[PDB]
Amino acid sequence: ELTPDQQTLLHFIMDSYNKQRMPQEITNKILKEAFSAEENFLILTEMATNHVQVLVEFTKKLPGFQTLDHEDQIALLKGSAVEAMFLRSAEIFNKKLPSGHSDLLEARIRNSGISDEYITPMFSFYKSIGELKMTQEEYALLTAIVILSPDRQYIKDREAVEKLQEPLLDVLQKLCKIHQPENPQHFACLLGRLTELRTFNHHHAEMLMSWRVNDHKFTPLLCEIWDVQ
């Protein structure tokens, strides 16, 4: 069972996580009408610019984050930004919608402009997340755990990050035993999903440059976070 300190930590992580754009806001736009690859690339860059901004504010509220080395603070943000974006997309994808809606959303994403090469692994990851039947708290804690990964490249003080990640891992493990007591492998399955997240980060720049558009225009903020322009 969670302690008073863990219950406090969980609600605080939840409130900060809830400051994001609503899944319905995103799915309403995609489902409403079909767009060209040019319009979809523009929708994606704006969605991703908003995501980075909201992620920086979420990251700042993570306990102990502001006490870390400033250069390590940047390495953590640069290292998790794309993974956090794909995890959020996976959450929105697996949110329950009326009959036939999730079939149309999938078809709309498949024909967004992205090359077929990246479509299959992206939907494989999304569908694997859905099979886990994750609660909102599980997605929030997993995002926090992704940001506070000490095994990130360029990190100077790995132990300082470890100290921050460990209490979040403990809370998630307790929720996994409470939410799914019939599946004792649930916690391990979520941690396993983080390795698949890292593959999308390796092919992120190619996914964007292979989009079916004549010009790949990026915002100055996206140029800092993504390895583009």
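Rigid core (definition): largest C-alpha set, two forms, superposition within 1.5 Å. Residues carry their position along the shown sequence, with the first being 1.
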{"query": "RMS CA shift, core-fitted in 9 other deposited structures of this protein, bigger for 75-83 or for 90-98", "finding": "90-98"}
{"query": "Stretch with larger C-alpha RMS deviation in 9 other deposited structures of this protein, core superposed, 163-171 versus 29-37", "finding": "29-37"}
{"query": "Which of 112-120 and 84-92 has higher mean CA B factor, as the PDB entry lists it", "finding": "112-120"}
{"query": "Between 53-61 and 169-177 (mean CA B-factor, as deposited), the higher", "finding": "169-177"}
{"query": "Member of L104, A140, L76, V146 with the greatest C-alpha B factor (per the PDB record)", "finding": "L104"}
{"query": "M22 by Cα B-factor - lowest, middle or highest third of the modelled chain", "finding": "highest"}
{"query": "Third assignment of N214 from its chain's C-alpha B-factors", "finding": "highest"}
{"query": "Record-listed C-alpha B factor of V228: chain third", "finding": "middle"}
{"query": "CA B-factor ranking of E46, expressed as a third of its chain", "finding": "lowest"}
{"query": "CA B-factor placement of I30, once the chain's modelled residues are sorted into thirds", "finding": "middle"}
